[PDB]
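First comes one chain, alone, set out as structure tokens in the form deposited without this ligand.
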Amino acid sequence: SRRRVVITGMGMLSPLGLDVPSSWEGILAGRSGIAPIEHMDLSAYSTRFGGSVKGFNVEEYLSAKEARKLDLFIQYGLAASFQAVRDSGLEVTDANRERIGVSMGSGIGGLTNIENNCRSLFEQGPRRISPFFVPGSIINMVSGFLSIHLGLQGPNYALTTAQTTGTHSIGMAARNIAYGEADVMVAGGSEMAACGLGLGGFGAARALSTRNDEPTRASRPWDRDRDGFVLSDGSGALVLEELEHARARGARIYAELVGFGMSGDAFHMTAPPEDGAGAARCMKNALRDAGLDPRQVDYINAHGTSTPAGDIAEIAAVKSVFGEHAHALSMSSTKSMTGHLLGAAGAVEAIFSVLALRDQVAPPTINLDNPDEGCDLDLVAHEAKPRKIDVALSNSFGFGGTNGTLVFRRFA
């Protein structure tokens, strides 16, 4: 019978900071982490900026010897996972190791590593392919390398549901705990798709902002002048814990995870439907799961990708789910500042939602100068809004029309 799941630990790499509090500081100040990309030459690309992780030192977590074998996406997952576990103060013993698992997801996984090894194969032949290519690049190795390093013998898996990976990864880890399969899960995602194939691939789709000359203003969710999403890199991890297990060890509890919703648009491979019908079905699943009256929802951390079609469909989905109460809650897209971390977006945004609850403040949607046709909600334009937040909601929407919703609330 269903058990309660709380957040005891969190960890992060974002374009705004090398940890949770440095990133959060940035969210509330309305700072941008978007800048021209330097690790490669992008003069042949229509988009030349992104949300880079700045000054990451992997040797704060791992040996240079192991780091050399692993794609940045894994290094980012491990970094945030280590932060989360440390921040929970949990000690892994023989008594508990079978009851602690991990679910860290990614959309694309180790694409830099695959690109480079493709370069070696086409330039020099198959004998130049790294022996570490596969285990150093595949999406499930954040879960595997984390389990090897900490000795987690619990459920060990990884989702790839594109831009919804983070939300789904957290939600299903919660179901693991709630229904007895584990007492603790390390959950979230990591992405690093800032290579030629990513910026080029999203380029060819015409899916990205091309505001090369003002990169900090490019991601402008619900603004009339938005021209696509901003590609960003990073990681989010949370320690999810069964409540009594958290109590029994005097764990500091940030919030409760009360509800998780999934739905498929069954509409289009890449475009969300204009109405947000699938997003609406997903949010309703989440509220029912949480046993809530929708008027209890105080903050929504929107997906808010800064795409024409994506942003407007959220507004419809929300108005549709929350009727007149749509006008009373506060909804923001932190992707105004971080950009879109793809498979990591749901993970870092889950953490912002939990810190919104702890600090009783809605983060801003920056660059929202001229809200677009029908974008007439409290979108927290420009500046953080101190306010009462008892129940917070994090949405994610991805290619394949795959939707995920997380519901958190204050815990007493």
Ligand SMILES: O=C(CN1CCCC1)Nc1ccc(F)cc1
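Residue numbers here begin at 1 and follow the sequence given.
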Notebook entry, point to check: On average, which has the higher Cα B-factor in the deposited entry, 117-125 or 149-157?
Noted result: 117-125
Notebook entry, point to check: Mean CA B-factor: is it higher for 339-347 or for 357-365?
Noted result: 357-365
Item checked: Selection by C-alpha B-factor (highest) of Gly101, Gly259, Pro215, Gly234 -> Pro215
Checklist line | Given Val184, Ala313, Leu78, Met172, the residue at which the Cα B factor reaches its maximum | finding: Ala313
Margin query: By the recorded C-alpha temperature factor, relative to the other modelled residues in its chain, which third is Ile27 in?
Written below: highest
Check: Hey, what third does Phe352 fall into on Cα B-factor, ranked over its chain?
Finding: lowest
Next item on the list: Check where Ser333 lands among this chain's C-alpha B-factors and tell me if it's the lowest, middle or highest third.
Entry: middle
Next item on the list: Sort the modelled residues of this chain by their C-alpha B factor and say whether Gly228 lands in the lowest, middle or highest third.
Entry: highest
Item checked: Assigned third (lowest, middle, highest) for the C-alpha B factor of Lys284 -> middle
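There is another form of this protein, the form solved in complex with this ligand, and it is not shown here; the text below is about that form.
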Notebook entry, point to check: Looking in the entry with it bound, any heavy atom of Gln83 within 4.5 Å of this ligand?
Noted result: yes
Note to self: Whether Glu60 contacts this ligand in the entry with it bound should be assessed with a 4.5 Å heavy atom distance threshold; does it?
What the structure shows: yes
Margin query: For the interface check, one of 26-34, 373-381, 60-68, 346-354 should have non-hydrogen atoms within 4.5 Å of this ligand in the entry with it bound; which one?
Written below: 60-68
Checklist line | Sequence-ordered residues of 304-333 touching this ligand in the entry with it bound, heavy atom within 4.5 Å | finding: none
